[PDB]
*Asks:* 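Before we start, here is the structure in question, set down as structure tokens.
For ligands, and for the atoms within them, numbers begin at 1 and follow the listed sequence. Note on naming: letters A, B, ... go to the chains in the order of the sequence lines (proteins, then strands), and numbering restarts at 1 for each one.
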Protein chains: 2
Amino acid sequence: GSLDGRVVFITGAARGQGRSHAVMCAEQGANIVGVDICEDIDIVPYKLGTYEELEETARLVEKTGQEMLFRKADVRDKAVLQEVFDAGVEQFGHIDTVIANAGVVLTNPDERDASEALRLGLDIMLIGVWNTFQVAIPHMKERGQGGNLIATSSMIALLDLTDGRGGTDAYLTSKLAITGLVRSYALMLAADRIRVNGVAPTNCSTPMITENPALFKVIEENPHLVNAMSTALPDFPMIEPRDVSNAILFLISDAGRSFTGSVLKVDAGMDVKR
Amino acid sequence: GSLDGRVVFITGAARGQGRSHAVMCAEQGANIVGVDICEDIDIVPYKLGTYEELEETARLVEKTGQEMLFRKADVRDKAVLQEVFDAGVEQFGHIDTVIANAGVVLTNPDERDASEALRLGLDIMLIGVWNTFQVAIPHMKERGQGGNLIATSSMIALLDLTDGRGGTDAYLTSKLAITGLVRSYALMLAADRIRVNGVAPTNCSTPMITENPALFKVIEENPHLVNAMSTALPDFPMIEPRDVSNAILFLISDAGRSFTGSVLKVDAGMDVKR
Ligand SMILES: NC(=O)c1ccc[n+]([C@@H]2O[C@H](COP(=O)([O-])OP(=O)(O)OC[C@H]3O[C@@H](n4cnc5c(N)ncnc54)[C@H](O)[C@@H]3O)[C@@H](O)[C@H]2O)c1
Ligand SMILES: NC(=O)c1ccc[n+]([C@@H]2O[C@H](COP(=O)([O-])OP(=O)(O)OC[C@H]3O[C@@H](n4cnc5c(N)ncnc54)[C@H](O)[C@@H]3O)[C@@H](O)[C@H]2O)c1
């Protein structure tokens, strides 16, 4: 496959897009180092990924013939992230690819404290992404075989839709900010042959959307968010996780070898929809 | 392959990226309908593609086991383009994919007439692209199986570099304009399931660059164009045609199935280089 000899570090691998990334990278020959918080968060109004789901991701990876090192870990805990990464380097010899995918949706009409939700969103989706890159770069430079960093942004966030609650604003500002991290790190790391890109998905069928009524009530409550989620293509009112994985696969494989500094819109035309 | 049962109409197929598109689409199962001007143009200061080169593209396609209908035709000649397209529909049953690739570089310190070069550039790279979409859309709608339109933009053009000669300005304005055609047509045609995207390559090793001294003398003559061509990635001071073909293949295949309205930067980081 396209990822033979590759080793991918993936945050948020318990389910959804992260699990899709793990399974589909392994199909192309990659070994996987995955983490997930494996705990709910009080102010996030839907169930997060479980340890049991993370195990299942590993089993799905192992059905491909590849291997997965999986650990419970929070991207806010930088030292823990580094320890799991280092254990990855030990088990597999190296890590050459990083997918910073972990995130949460904080949209909630019953948000209790705006400043708190803002801080939490930023911690997970901005600082957490930065942590995920930080634990990897020294190693990628050291081993001198270049590499790939990938961050998961969001199309909906790049369309300037907020209800002005703290959680929503954290999501928008984090997801935009990380496109800057992508572009700036692409330039910074070019000379080390570390390519850096992102993906900006439109609505993707995962629990964050499919089991999160709070979200539907917030767009139902605001006139300016009435068409917040609509896409262009009739067959894709939402996309599937594999669509996102396929974009990443393109970017990190020989097919997309010259790409760095790009954020691909996996959006079913959401960006042009007017 | 990824393009089994597909039929691709390609302008500028004699050589370079167009030939790469034809050969690499055919490798994935596609039959090809290709055209090229097959003539030099007086005010373009390098040799254009020949009839012999177009024949060779067809031979390369046929070595894959697929078929190519090839004709000498100018994208400025809309009725001729339509005729060749219709003959394609005839020979192969349908055309579901269009790649508007034909173009020329009009950079030339010895430009004789600015207004003339401006007009010619626009005719070929703006109106010519519009013609290429126009000949295909009625059929794609009629046949009702959706489809793909692809236009070739340019990274260097999207970086706002001109010497203010007519030819250079035609190139910059046409290549930018066609990103608008891409986004607007993506929206327009979404309901017909016709997906519309573009590619913006950085410097690509073809005669337009490799056998065009005029170009090097124009950047050598202007202080503000000293670093006009530099990319970020050390291994890609230029890219190869297959890099562009791989990006198109992603977009038009099931892998890139939700993409519409996008312009992919096949740029080795040129867009972030500063
Ligand atoms: N689903 C969508 O519509 C959509 C659209 C655009 C972007 N996104 C983004 O895609 C990414 C993946 O989301 P998904 O759709 O797969 O949803 P998901 O909630 O099904 O998966 C995300 C996973 O990340 C984990 N996670 C959350 N916080 C964490 C933390 N602090 N540390 C470690 N792991 C953590 C969760 O437990 C869960 O397993 C997220 O960054 C999300 O913001 C999602
Ligand atoms: N080479 C680069 O660095 C570069 C960078 C960015 C974008 N582009 C674009 O990529 C496209 C392909 O160029 P290439 O690099 O393969 O160069 P090329 O010169 O090798 O190929 C272009 C082909 O288009 C044909 N052509 C020109 N005018 C035509 C017309 N009016 N009708 C029909 N055919 C015509 C030529 O005969 C030639 O065979 C062009 O649109 C160009 O503007 C090129």
*Asks:* Are A/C204 and A/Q17 side-chain neighbours, meaning at least one heavy-atom pair lies under 4.5 Å?
*Replies:* yes
*Asks:* Does any non-hydrogen side-chain atom of A/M238 lie less than 4.5 Å from one of A/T206?
*Replies:*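 Side chain of A/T206 against side chain of A/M238, heavy atoms only: no contact under 4.5 Å found.
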*Asks:* Between A/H21 and A/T57, is any pair of side-chain heavy atoms under 4.5 Å apart?
*Replies:*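 A/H21 vs A/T57: side chains apart.
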*Asks:* Is any side-chain heavy atom of A/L249 less than 4.5 Å from a side-chain heavy atom of A/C25?
*Replies:* yes
*Asks:* Which option out of B/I239, B/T206, B/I209 puts a heavy atom nearest to atom 15 (O) of ligand 2?
*Replies:*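 Going through B/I239, B/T206, B/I209 one by one, B/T206 has the nearest heavy atom to atom 15 (O) of ligand 2.
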*Asks:* State, with a plain yes or no, whether a side-chain heavy atom of B/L120 is found less than 4.5 Å away from one of B/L106.
*Replies:* yes
*Asks:* So if I count the atoms of ligand 2 from 1 in the order they appear, which ones are less than 4.0 Å from some heavy atom of B/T152?
*Replies:* 9 (C), 10 (O), 11 (C)
*Asks:* For a quick check under 3.5 Å, do A/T11 and A/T132 share a side-chain donor-acceptor pair by atom type?
*Replies:* no
*Asks:* I'd like to check which ligand 2 atoms, numbered from 1 as shown, lie under 4.0 Å from a non-hydrogen atom of B/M208.
*Replies:* 1 (N), 13 (O), 15 (O), 17 (O), 19 (O), 42 (C), 44 (C)
*Asks:* Looking only at distance, does B/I124 have an N or O less than 3.5 Å from an N or O of ligand 2?
*Replies:*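 No, there is no polar N/O contact under 3.5 Å.
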*Asks:* Hey, does B/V35 come in under 3.5 Å of ligand 2, counting only N/O atoms on both sides?
*Replies:*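 No, B/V35 has no N/O under 3.5 Å of an N/O on ligand 2.
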*Asks:* With the threshold set at under 4.0 angstrom, would you say A/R19 reaches ligand 1 through any of its heavy atoms?
*Replies:*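 Checking ligand 1 against A/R19, which is what was asked, there is no heavy-atom contact under 4.0 Å.
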*Asks:* With a 4.0 Å heavy-atom cut-off (strictly under), which part of B/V244 contacts ligand 2: side chain, backbone, both or neither?
*Replies:*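 The answer is neither; B/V244 stays 4.0 Å or more away.
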*Asks:* Between A/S20 and A/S245, is any side-chain donor less than 3.5 angstrom from a side-chain acceptor?
*Replies:*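 There is such a pair between these side chains.
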*Asks:* Would you say the side chain of A/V266 lies within less than 4.5 Å of the side chain of B/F259, judging by non-hydrogen atoms?
*Replies:* yes
*Asks:* Under a heavy-atom criterion of less than 4.0 Å, does A/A73 contact ligand 1?
*Replies:*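 So A/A73 counts as touching ligand 1.
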*Asks:* Shortest non-hydrogen contact from B/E39 to B/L48?
*Replies:*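 Shortest heavy-atom contact: O-CD1, 3.3 Å.
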*Asks:* Is the closest side-chain heavy-atom distance between A/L158 and A/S153 below 4.5 Å?
*Replies:*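 Touching, per the 4.5 Å side-chain cut-off.
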*Asks:* Hey, is ligand 1 close enough to A/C38 that some N/O pair sits below 3.5 Å?
*Replies:* no
*Asks:* Can you check whether B/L69 reaches B/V84 side chain to side chain, under 4.5 Å on heavy atoms?
*Replies:* yes
*Asks:* Examine ligand 2 and decide if any of its atoms is less than 4.0 Å from a heavy atom belonging to B/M238.
*Replies:*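 It does not; every heavy atom stays at 4.0 Å or beyond.
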*Asks:* Nearest heavy atom to atom 11 (C) of ligand 2 wins, so pick from B/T11, B/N101, B/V44, B/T202.
*Replies:* B/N101
*Asks:* Between ligand 2 and B/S153, can you find any atom pair, the residue atom being a heavy atom, that is separated by under 4.0 Å?
*Replies:*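 Contact present.
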*Asks:* Any nitrogen or oxygen of A/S154, side chain or backbone, less than 3.5 Å from one on ligand 1?
*Replies:* no
*Asks:* Using the side chain to side chain contact (heavy atoms under 4.5 Å, CB included) rule, take A/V75 and A/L81 through it: C-alpha gap first, then chi angles, then the decisive distance, then the call.
*Replies:* CA-CA 6 Å; A/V75 298; A/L81 222 50; 4.2 Å; yes
*Asks:* Would you mind finding which of B/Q17, B/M125, B/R15 brings a heavy atom closest to atom 44 (C) of ligand 2?
*Replies:*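 Among B/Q17, B/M125, B/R15, the closest heavy atom to atom 44 (C) of ligand 2 belongs to B/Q17.
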*Asks:* Can a salt bridge be assigned to the pair A/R257 and B/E240 using a cut-off of 4.0 Å between side-chain N and carboxylate O?
*Replies:* yes
*Asks:* Atom 22 (C) of ligand 1: which of A/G103, A/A157, A/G18, A/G128 has the nearest heavy atom?
*Replies:* A/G103
*Asks:* I'd like to check which ligand 2 atoms, numbered from 1 as shown, lie under 4.0 Å from a non-hydrogen atom of B/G16.
*Replies:*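 Every atom of ligand 2 under 4.0 Å from some heavy atom of B/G16: 16 (O), 20 (O).
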*Asks:* Report, as yes or no, whether the 6.0 Å neighbourhood of atom NZ on A/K72 holds more than 12 heavy atoms from other residues, nucleotides or ligands.
*Replies:*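 Yes, because the 6.0 Å sphere around NZ of A/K72 holds more than 12 heavy atoms from other groups.
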*Asks:* Side chain, backbone, both or neither: which part of A/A13 has a heavy atom under 4.0 Å from ligand 1?
*Replies:*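 Within the 4.0 Å criterion, A/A13 makes no contact with ligand 1.
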*Asks:* Heavy-atom distances under 4.0 Å decide this one: backbone, side chain, both or neither, for B/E53 against ligand 2?
*Replies:*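 Within the 4.0 Å criterion, B/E53 makes no contact with ligand 2.
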*Asks:* Once you restrict to heavy atoms under 4.0 Å, what part of A/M155 touches ligand 1? Side chain, backbone, both or neither.
*Replies:*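 Neither; no heavy atom under 4.0 Å.
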*Asks:* For the 3.5 Å polar cut-off, considering only N or O atoms, please tell me whether A/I37 and ligand 1 meet it.
*Replies:*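 By distance alone, the answer is yes.
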*Asks:* Do B/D163 and B/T168 meet the criterion of a side-chain donor-acceptor pair at a distance under 3.5 Å?
*Replies:* yes
*Asks:* Of the choices B/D36, B/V104, B/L48, B/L215, which has the non-hydrogen atom that lies closest to atom 38 (C) of ligand 2?
*Replies:*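 Comparing heavy atoms across B/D36, B/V104, B/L48, B/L215, the nearest one to atom 38 (C) of ligand 2 lies in B/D36.
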*Asks:* Would you check the N or O atoms of B/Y46, main chain and side chain alike, for any that come under 3.5 Å of an N or O of ligand 2?
*Replies:* no
*Asks:* Counting only heavy atoms closer than 4.0 Å, does ligand 2 sit against the backbone of B/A200, its side chain, both, or neither?
*Replies:*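 Neither part.
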*Asks:* Which of the atoms of ligand 1 are close to A/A14, meaning less than 4.0 Å from one of its heavy atoms?
*Replies:*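 Listed by number with element: 39 (O).
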*Asks:* Considering only heavy atoms of A/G12, which atoms of ligand 1 have at least one such atom less than 4.0 Å away?
*Replies:*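 Those qualifying, in numeric order: 23 (C), 24 (O), 25 (C).
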*Asks:* Can you sort out which atoms of ligand 2 are near B/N203, meaning under 4.0 Å from one of its heavy atoms?
*Replies:*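 Listed by number with element, the hits are 3 (O).
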